[PDB]
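need coordinates for the below:
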Amino acid sequence: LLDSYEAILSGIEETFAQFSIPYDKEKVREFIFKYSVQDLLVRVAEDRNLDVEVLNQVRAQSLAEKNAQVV
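Numbers count the residues shown, from 1 in each chain. Okay, here it is:
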């Protein structure tokens with residue numbers, strides 16, 4: 001049980017809001033247990049008429065993922 005996933009998930013929230021996207025800890029924690037984060041940002045981009053590459057640039061710049069740690 002590594003806390004790495006909450007360290008990550010924190011930055012997904014703050015990615016999603018930069019695009020007005022409805023975050024949901026439930027859906028996102030479920031998704032990353034079944035698929036990878038790569039797939040998540042593809043799936044919502046496809047839905048939202050975005051481009052996964054942009055969501056990756058905003059994913060890259062979370063202070064949350066820089067601040068947080070792994071046990």
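
got the contact list for stretch 49-67?
7-8, 10-15, 18-19, 37-38, 41-42, 44-45 (CB atoms under 8 Å, 6 or more residues apart in numbering). C-beta: built from backbone N, CA, C; applies to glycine.

recalculate using a threshold of 6 Å.
Stretch 49-67 has contacts (CB atoms under 6 Å, 6 or more residues apart in numbering) with 10, 11, 14, 15, 18, 41, 42, 45.

hmm, which of those residues are the buried ones?
10, 11, 14, 15, 41, 42, 45 (16 or more other CB atoms under 10 Å).

so which of the residues you listed sit within strands?
In strands, defined here by DSSP state E, there are no members of the buried ones among the contacts of stretch 49-67.

follow-up on the earlier one: quick one: the contacts of stretch 49-67 as CSV, columns for distance to residue 66 too.
Rendered in CSV, the data for these read as follows (distance: CB to CB, whole Å):
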residue, distance to residue 66
10, 10
11, 9
14, 11
15, 14
18, 16
41, 19
42, 24
45, 24
